[PDB]
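S.K.: turn this into a structure:
(chains A, B and C)
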Amino acid sequence: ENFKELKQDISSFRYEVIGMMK
Amino acid sequence: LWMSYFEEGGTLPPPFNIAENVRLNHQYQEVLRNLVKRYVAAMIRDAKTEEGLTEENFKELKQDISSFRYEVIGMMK
Amino acid sequence: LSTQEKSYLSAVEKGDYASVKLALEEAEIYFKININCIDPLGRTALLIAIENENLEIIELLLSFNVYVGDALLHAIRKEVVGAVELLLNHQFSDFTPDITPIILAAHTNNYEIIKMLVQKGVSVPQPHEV
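M.R.: Numbering: from 1, shown residues only, chains lettered A, B, ... in the order given. And now the structure:
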């Protein structure tokens, strides 16, 4: 569960930044 | 030992010794469906998220960051 | 389980905030997909967003009035303090019909949640001795 949490943090960060630059 | 005394076969010590089903399949099938659903939810879905971590997880988590970095750098250039 | 629901559940699982919001907006006006849907293992969107502790997604899905159900018990069993704070200030079950929030909270020695619950006022029924 810790690993899935830490992967999802990075996923959401990436999506937000990509949407912010476009 | 107990089950040997649940029937009316001996019931007497040696000294003084000489549809009806199709309807029920409905309830039984309903019970099995609930039992199987509960087992799937409890054992093979809720106790698989309590295992340990190994090297494959670490390589996965490193590769996520690598790909993110490459994409962003290419997006700013 | 339509494809338009698979896309929505995948967006929730990854954490795409904009996509999940867009799906929710397109649902309230076209009534295409059912937000209260289950994936093969049985999870809903609320359970998926709680299992990852995505507080923004959890807050959003409350603003569209999804079905809550036994969502407080799952957050208590997962020991998510923020989710419990949100869910407090607002048929197949995985729990026996006798487990209440305070009992399930006391099974897990989590001081924060227990205090948060007893501040609101609860009561555990003492059993008669024998």
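S.K.: what is the neighbour count of residue 12?
M.R.: Defaulting to chain A. The number of residues packed near residue A:12 is 18, by other Cβ atoms under 10 Å in any protein chain shown. Where you see a C-beta, it was placed from the backbone N, CA and C, and this is true even at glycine.
S.K.: ah, I was thinking of chain C
M.R.: Neighbour count for residue C:12, taken as other Cβ under 10 Å: 26.
S.K.: what's the helix or strand for it?
M.R.: Following DSSP states H and E, one finds residue C:12 within helix C:3-14.
S.K.: any chance you could map the helices in the chain?
M.R.: If you meant another chain, say so; for now it's chain A. Secondary structure of chain A (DSSP state H): helices at A:2-20.
S.K.: to clarify, I was referring to chain C.
M.R.: Under the criterion DSSP H, chain C contains helices at C:3-14, C:17-30, C:45-51, C:55-63, C:71-78, C:81-88, C:101-107, C:111-120.
S.K.: which parts of the helix holding residue C:12 are buried?
M.R.: For helix C:3-14, the neighbour count (16 or more other Cβ atoms under 10 Å in any protein chain shown) marks C:5, C:8, C:9, C:11, C:12, C:13, C:14 as buried.
S.K.: and if you look at stretch C:77-94?
M.R.: Residues of stretch C:77-94 classed as buried: C:77, C:80, C:83, C:84, C:86, C:87, C:94 (neighbour count, 16+ other Cβ under 10 Å).
S.K.: which non-adjacent residue is nearest the third one?
M.R.: Translated: residue C:83. Distances taken as Cβ to Cβ, 6 or more residues apart in numbering or on different chains place residue C:75 nearest to residue C:83, at 4.0 Å, with adjacent residues excluded.
S.K.: for the residue of chain A found nearest chain C, which non-adjacent residue is closest in space?
M.R.: Ranking the residues of chain A by distance to chain C (Cβ to the nearest Cβ) places residue A:12 first, at 3.2 Å. The shortest distance from residue A:12 to any non-neighbouring residue, by Cβ to Cβ, 6+ apart, is to residue C:15 (3.2 Å).
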